[PDB]
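*Asks:* turn this into a model:
(9 chains, ligands or ions: 1)
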Amino acid sequence: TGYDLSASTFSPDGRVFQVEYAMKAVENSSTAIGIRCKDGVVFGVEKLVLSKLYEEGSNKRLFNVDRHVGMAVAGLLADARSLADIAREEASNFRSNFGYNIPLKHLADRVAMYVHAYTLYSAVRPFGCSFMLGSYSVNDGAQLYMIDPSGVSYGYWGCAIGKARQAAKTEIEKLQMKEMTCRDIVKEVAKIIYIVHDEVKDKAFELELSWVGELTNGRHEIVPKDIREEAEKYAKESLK
Amino acid sequence: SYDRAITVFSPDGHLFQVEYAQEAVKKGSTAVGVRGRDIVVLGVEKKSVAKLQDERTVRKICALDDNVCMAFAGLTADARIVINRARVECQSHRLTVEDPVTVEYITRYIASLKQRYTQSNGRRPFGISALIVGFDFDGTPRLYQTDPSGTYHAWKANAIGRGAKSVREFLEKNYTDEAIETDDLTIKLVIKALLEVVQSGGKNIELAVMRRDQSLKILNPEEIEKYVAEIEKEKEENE
Amino acid sequence: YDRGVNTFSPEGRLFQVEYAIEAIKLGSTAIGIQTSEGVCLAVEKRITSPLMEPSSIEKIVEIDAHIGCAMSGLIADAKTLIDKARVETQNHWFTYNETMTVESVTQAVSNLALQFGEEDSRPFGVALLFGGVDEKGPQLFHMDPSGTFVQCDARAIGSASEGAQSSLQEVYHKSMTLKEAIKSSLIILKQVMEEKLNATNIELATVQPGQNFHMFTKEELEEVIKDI
Amino acid sequence: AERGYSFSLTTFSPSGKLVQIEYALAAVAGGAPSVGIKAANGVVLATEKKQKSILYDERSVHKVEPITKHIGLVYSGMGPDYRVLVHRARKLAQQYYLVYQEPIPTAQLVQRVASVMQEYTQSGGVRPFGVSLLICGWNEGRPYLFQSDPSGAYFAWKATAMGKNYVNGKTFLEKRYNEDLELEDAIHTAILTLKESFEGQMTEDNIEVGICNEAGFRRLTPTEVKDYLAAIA
Amino acid sequence: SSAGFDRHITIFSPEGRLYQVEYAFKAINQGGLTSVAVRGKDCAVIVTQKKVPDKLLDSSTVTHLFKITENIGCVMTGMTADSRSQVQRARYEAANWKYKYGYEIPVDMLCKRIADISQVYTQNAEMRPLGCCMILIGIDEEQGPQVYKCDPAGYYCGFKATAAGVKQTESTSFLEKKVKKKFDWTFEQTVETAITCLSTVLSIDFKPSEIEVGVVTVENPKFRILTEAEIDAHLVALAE
Amino acid sequence: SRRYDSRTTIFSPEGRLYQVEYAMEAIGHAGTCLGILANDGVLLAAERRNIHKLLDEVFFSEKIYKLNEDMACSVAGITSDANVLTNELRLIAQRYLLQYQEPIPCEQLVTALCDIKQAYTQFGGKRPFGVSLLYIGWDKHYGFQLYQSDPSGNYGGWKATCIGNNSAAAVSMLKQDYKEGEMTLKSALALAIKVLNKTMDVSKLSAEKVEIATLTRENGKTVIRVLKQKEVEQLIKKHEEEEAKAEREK
Amino acid sequence: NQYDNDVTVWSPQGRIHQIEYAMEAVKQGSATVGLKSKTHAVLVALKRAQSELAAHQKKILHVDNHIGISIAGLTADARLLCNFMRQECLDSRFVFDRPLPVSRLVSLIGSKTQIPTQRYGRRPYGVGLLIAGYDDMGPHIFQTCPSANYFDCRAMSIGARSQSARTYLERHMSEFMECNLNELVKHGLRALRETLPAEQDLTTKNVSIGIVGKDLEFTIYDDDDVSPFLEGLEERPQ
Amino acid sequence: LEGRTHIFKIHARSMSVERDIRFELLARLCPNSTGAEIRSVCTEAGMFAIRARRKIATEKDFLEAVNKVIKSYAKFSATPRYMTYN
Amino acid sequence: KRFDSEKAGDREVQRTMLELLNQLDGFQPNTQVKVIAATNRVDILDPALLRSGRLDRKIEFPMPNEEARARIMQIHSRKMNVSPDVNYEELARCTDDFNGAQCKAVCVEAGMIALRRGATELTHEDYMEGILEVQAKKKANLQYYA
Ligand SMILES: Nc1ncnc2c1ncn2[C@@H]1O[C@H](COP(=O)(O)OP(=O)(O)OP(=O)(O)O)[C@@H](O)[C@H]1O
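*Replies:* Numbering: from 1, shown residues only, chains lettered A, B, ... in the order given. Please see the structure below:
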């Protein structure tokens, strides 16, 4: 009876209703996944199609915060760009006072202290964005971290948010991940990406893919469709 | 339960804390006043004096200057606030530009200050009103009023409080244009309204008259005691 | 089910702004008229008792020398906007050596149309009729407490804004002279007043490039009265 | 209205009584017993600390936290908001000590703290202190024992008691303790009134007896507590 | 008793009780973890664990062991989101005392300065009480090791051996009888009793890689923990 | 946060101040004081709600609190709630001596403290002061003056007062006692004794539960006579013989 | 009903209704269709008036030289952002001496409206801005919503019953990329003519039109400026 | 606003109505009065008619009491429906 | 079952349902004559309803899509006259959250106005007229909102 009003108050069951509503708020958004190979980290984003809707290559949830770091985000898009600028401004403070690459561990920790703080106050509101953080460096290596709206900082080799299909991360164990060079990895993930998330719910869709690792020498950028072209090349013939 | 809004206001067409503050106005102490070419008269009653206390602490009339007189109706709590407030306002006005602005600066001060006093958050509107008394320059009278909404207005007659004090202003309209040509009858109007207004005790009644530019003094029970006797005689002349 | 009054209700829109529109019901009405020769505007003071002094309450004030204005609803609510708007046009003549004409006054007030807020205050329900003569000649503009400025050549406010404008929109055809609209307004005036027309009841606002200022005069207010 | 910066949450009941401040007295009543005695040379305090589990050692956490070398003190009821005003009193007692150059009396600690403690209750958005402080010490050759309350009202008692059944222990301290006695005799009846609501087991860690000497406050170790009270009182 | 909107904010009750604060009791239950502290003569040993629902779990990132100072570490319970915001505050005042004071840190009274910030969290108008539970060890000169467990009510608490949490209530029951009587404590004796006190609760007794045993003993005063090597040897040493 | 606000500052629908009406219910209870006109002096008396005899009474003046060597104020209400206003007005009385070097008159002294209590009532939603205290002193203009404070922010100043509950039988008797001033300072105190003896709940006129402080006008020291309770008992038994003499008539 | 009181509450479905209620203010605006081709862009709005004599309210207004925009919804919060829109324009025109690409420009507006949609007591901004501007890569058509999500497109339609324009667009908007300015404007108003009731005009002065290009500076076209655009067209069928 | 005279049309057959009465004049003075509150208009018309011993009721007669019946009955409650569901 | 009982207004049936659920549990022959259940809201659901003999097939019904909303309105009208000259695309996309039963009322209101119109023939614009009619809400318009 109103225990979900103030974000600064607990609940009769001893948890935060504001976070419980924030966890499923990210689930209604389209799927954005991530995975890390040995020398690199892979990102992906699904783009839903209802009517048209608009130009392809628009408002992609894939963003680039820093040289070696990138953003695979889900949920409300405007709240993601705000966290994109905060992570960009935080990356600007590190490159200024220090001048080298910001470690992914503490970069996620800075955002972990932010996302957690907004959930504590009833004035502001929690975040409806659950994103993926991953990076690779020559002196660090490939790490991937999963951040949740509750403010828990941690990471696995892979995680999945967005829509509830979750079958696109199943075939990854059926293929070589840490053994592969991250090159063929791009086209190996996209097979079931097309199969599952059936066309009954959404007639058409579109896929974005991004990668950062050794082949780019630590740089992060979205893999072009024309180069190396084998991304969507092998994806169409792997549906069976 | 309790369902109400505060500010502002209500779709029903009337405000909340404003017109309800008018109830805290009309419930104020009964007071009257008039304007004249020379001597302006005022009055106050319904102070509920028990005869056992000091009259100077319950005095309802102060003066910012000898030219301008203050008359208010309501609780005496916010009074000294405005007394401290307005006196510093007319002081800082006395400070620079020695010649003061005439009657349009001071009447819009408390009025506009009370209007913005209902504007910003954390400010509770005053439930009291006031009517400025005095004389304009070049021998003209000056009187105005304060409204909970901050609207300044000039009256030919001051009628507030109970329905008995409204008769005092009704008697002024019976003097038509010419009356009064003597100050005796103009003071006697307060001595006549003393019986009509309130409990007719002859105690809570107090008045002061400012003739032209001369600073008024509180009436001592000699003049007003002599004019109280002619008030009953003048009413007997009409019989 | 009152949430913050600023919170965009289920319908939805602001509560207090929706309330402040009803605040026009508690106050008098006016009638605007515009013509190529000049702009004439009329009002009614709504005298409750003879104790009311006519020059005490005036519903027409001139913001700038050539720019008149008309208030609505309460008085002191507009008085804060009225008096502060006079500072605007004067500083514009300081920087640019030219006064605001009929336009830069609008955007000045349009920027401050809604300044209200709870955190970081209360919006006024007073409608404003902006008259004046710009480089384009005599012009009359209108705005509402909601904050959206829409150009209204001849506009009426008050609780009579519904009825008074209905017959007024028909008579604004460009073939009508200014002199025909002057006597057309008093026809609606005598219908919307319960008390017989007297020198203290109504006032007029007329501004022209040649005749000024004007503003308005005294004893010429009573001439349009006896002609009723 | 206004900001939301925590305006006062304390209102007046139809009878005029305080709402949340009187509820803080329930925490004092639902707290732990603490007693003190002002007699003759100095003031003697007897508190009660019992471990809820056998794994708790009383040698670390100390109930008595003296404000000054010559000023002792104890508390009753509720810790978290208690240490806030304690350390605040440590910073506040310095202005009197630096400017006036003097071992500030307990009466001035009462005037300054209870004024801020009353201002703390007047400030809303925060729960009032549920701690009833017993202020003692020695000043101007004559010691003092003063009792405060969550509302800020300060009293003066020869022998006072707080906590569970404080009205019953107050009558015992009214009868068994009267006029004034030596500090040794003051420790005696201070433990006897503490053994009233105490359990059937009394050891060095179960009760701790503070004493304010004319030479200034000296906190007795659990050694002297088991030596005098064994064999309590 | 409850009257009005008191249920919807953090304040007292008509009976003087608390609701929000007492709803933080089960705020640890969603995490479902356990931490027990055992201290010896010259040593102190902490026992904890972690849950691995998926093979993607990284041992380093999901590690629940937090190190405040080289000489003094710590551990948390409950939801890990609120714990991390208290981690830097435990590091903050640490470095403040290392800088200004320049010695072994308030091994006793440090829980007062931490609980003060923890009370500010509770004393704030509208803010989350942060129900994470802080647990510290300690090292002092000729005082032996110290063990301290703080709770987010704003008070300082610590003793020889203390266990508080979901299932920690049954763990202290064995420690009361195990310590005394009369007994001493050696290095391996405290490590062996870390499991036996939990053996009175659950102790599924599986591969040690999931459980983490914190240990501090005075030889080199610096706190530290081994990896997987002899912890299993201490697990097979206690069982003969 | 609009529902959590109880609208303390804002008025009641009935025209009364909602917070102040429940405030003055505490003034009718708790503190009890009195005042009367007296020539070449002024007297003050109060009865303690702490009157339980287990206190040390080492505070000397308690309910009688003396703000300045030349001025005292009898307080009715919560002690520490009033103690915020004591030192405040004490500093207001002291800052007056700083920029002037002349004793603060009683008129503007009351209007200064009443506005401090009024500021919390008009805005901020803060808890208003439920303390109503008296005022005594002397000035070179109006001479002896008596005043009272109200929680709404108004000065309740008159030449007489009824505070806060009992003294009832003496109240109407004070209107028959309205004859203005006298001394013989012991005669005016004798009239105060029949008030404390007759109208007390346990009666008996307990000496330890009440304290009488009198201000005697003196040039230029203005000596305040604080009775040591040794001369109160003989002052109590002084009018008890007169009260026994007053009943000899009928 | 007690859990629906505040703004901070997420619905049992996890949606904040305050943004949805601000979406209603955008729908009540006039029907307007912004669009771009692969060469030149054309945006069209609709003027409304409360009374007959009242001049038709303008929507399309020029801000940047190469950036035209329409407006719908709350005018107050629009004029606020309008002064903020002029700011960032002259900012880069002063320090950088170059204009701002619409891509990164609108990213600042989305972040400007993020704070009022978060903190308690703050309100979102109903916004109907349809932005058309030219960076080095050509024209862009974005959208504006109280949720602060801008979508790059060739064309969009907002306002009252403006979804009917998209249905005319989806087939035509793909074929409108190759058409020069002349026929594009008259084909543009052909989309909004079914958005108005078919039984009445659709006059000259009740509609807003503007055109901007790489080498063409954006100019407001209204009243008689629409006469060459409305002439030489076919009426709607029955 | 133009429909308040329709409830006055059925009430124009009540008792004896003078031809000088204008129903459009008093309609605007009583907002949100429906047919119930203006049923009292023609009631207070005949009410004070017999109180004053007169027969018919002119417009100015009862409307002077109508401006009272709206305001004096709005002192305790102004009869809003907005606050019911809100 | 509320939380604190007893009891609700559903007493006889909440014992009846859990008895309807009981004979499915204790008695195996009850697997005969399958029973269909229907609810208008998921807010209150008894966890005991999960069983083979009890509720098994569960599919959440959201608001039908634009293709389905256009369909159902035509397939509810197969029993009656359907107006020609219909794109079916415009009436489909303009429907957001509108109920299927309200789509029947669209052809009702469009058929009710056909009376006063004098012609029983309807146009494609009449659909979207009655579609926006019933929802969102009725009947007012946006003013004073700037
Ligand atoms: N426009 C009107 N025409 C005729 N009579 C009217 C009109 N408006 C109101 N009335 C009369 O006012 C009287 C009072 O209505 P009443 O208060 O009984 O409605 P109600 O039944 O309470 O409404 P609800 O059921 O919504 O609460 C009715 O008897 C009705 O005849």
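*Asks:* give the contact list for the closest residue to chain G within chain D.
*Replies:* Chain D approaches chain G most closely through residue D:4 (8.1 Å), counting by C-beta to the nearest C-beta. Yep, even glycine has a C-beta here, placed from its N, CA and C like the rest. In this structure, residue D:4 makes contact with A:123, C:119, E:125, F:1, judged by C-beta atoms under 8 Å, 6 or more residues apart in numbering or on different chains.
*Asks:* where's it relative to chain B, distance?
*Replies:* For residue D:4, the distance to chain B equals 10 Å [C-beta to the nearest C-beta, to the nearest Å].
*Asks:* show me what counts as buried in the longest helix seen in chain I.
*Replies:* Counting residues, the longest helix found in chain I (DSSP state H) is helix I:100-117. Of all the residues in helix I:100-117, those buried under the rule 16 or more other C-beta atoms under 10 Å in any protein chain shown are I:100, I:102-103, I:105-107, I:109-111.
*Asks:* then stretch F:200-217?
*Replies:* So, applying 16+ other C-beta under 10 Å, buried residues of stretch F:200-217: F:200, F:205-207, F:209-217.
*Asks:* burial measure for the closest residue to residue H:59 other than its chain neighbours, as a count.
*Replies:* Once flanking residues are discounted, residue H:59 sits nearest to residue H:21: 4.1 Å by C-beta to C-beta, 6 or more residues apart in numbering or on different chains. Residue H:21 has 19 neighbours, counted by other C-beta atoms under 10 Å in any protein chain shown.
*Asks:* what does residue E:146 show for phi and psi?
*Replies:* Phi and psi for residue E:146, reported as degrees, to the nearest 10, are phi -130, psi 150.
*Asks:* which residue does chain A bring closest to chain F?
*Replies:* For chain A, C-beta to the nearest C-beta, closest residue to chain F: residue A:122, 8.6 Å.
*Asks:* ugh, typo on my part, it should be chain E
*Replies:* For chain E, C-beta to the nearest C-beta, closest residue to chain F: residue E:5, 5.5 Å.
*Asks:* what about residue A:192, distance to residue E:55?
*Replies:* Residue A:192 sits 19 Å away from residue E:55, going by C-beta to C-beta, to the nearest Å.
*Asks:* so which of these two has more stuff around it?
*Replies:* residue A:192 (20 against 8).
*Asks:* for residue 1, give me its contacts.
*Replies:* All of this is about chain A. Residues counted as contacts of residue A:1 (C-beta under 8 Å, 6+ apart) are E:7, G:2-3.
*Asks:* hmm, I had chain H in mind actually
*Replies:* C:162-163, H:27-28.
*Asks:* quick check on those residues: which are buried?
*Replies:* Buried subset of these (neighbour count, 16+ other C-beta under 10 Å): C:163, H:27-28.
*Asks:* all strands of chain B, in order?
*Replies:* All strands of chain B, identified by DSSP state E, fall at B:31-33, B:39-44, B:61-63, B:68-73, B:129-135, B:141-143, B:158-159, B:209-211.
*Asks:* same check on chain G?
*Replies:* For chain G, strands defined by DSSP E occupy the ranges G:32-36, G:41-46, G:61-62, G:68-69, G:131-135, G:138-141, G:155-158, G:207-212, G:219-221.
*Asks:* got the angle for the following helix or strand past the longest helix of chain I vs helix I:100-117?
*Replies:* Next along the chain after helix I:100-117, taking DSSP states H and E as the criterion, comes helix I:124-134. Interaxial angle of helix I:124-134 relative to helix I:100-117 (axes from the mean of the first three to the mean of the last three C-alpha atoms, to 10 degrees): 120 degrees.
*Asks:* quick revisit: of the contacts of residue D:4, just say which sits nearest to chain H.
*Replies:* residue F:1 (17.7 Å).
*Asks:* which residue, neighbours along the chain excluded, lies closest to residue E:150?
*Replies:* Distances taken as C-beta to C-beta, 6+ apart place residue E:134 nearest to residue E:150, at 4.1 Å, with adjacent residues excluded.
*Asks:* show me what contacts the one you found?
*Replies:* Each residue near residue E:134 by C-beta under 8 Å, 6+ apart is listed here: E:74, E:76, E:83, E:86, E:90, E:111, E:114, E:118, E:149-152.
*Asks:* just give me how far stretch I:112-132 sits from the chain centre.
*Replies:* Centre-to-centre, stretch I:112-132 and its host chain are 23 Å apart (C-alpha atoms, centre = their mean, to the nearest Å).
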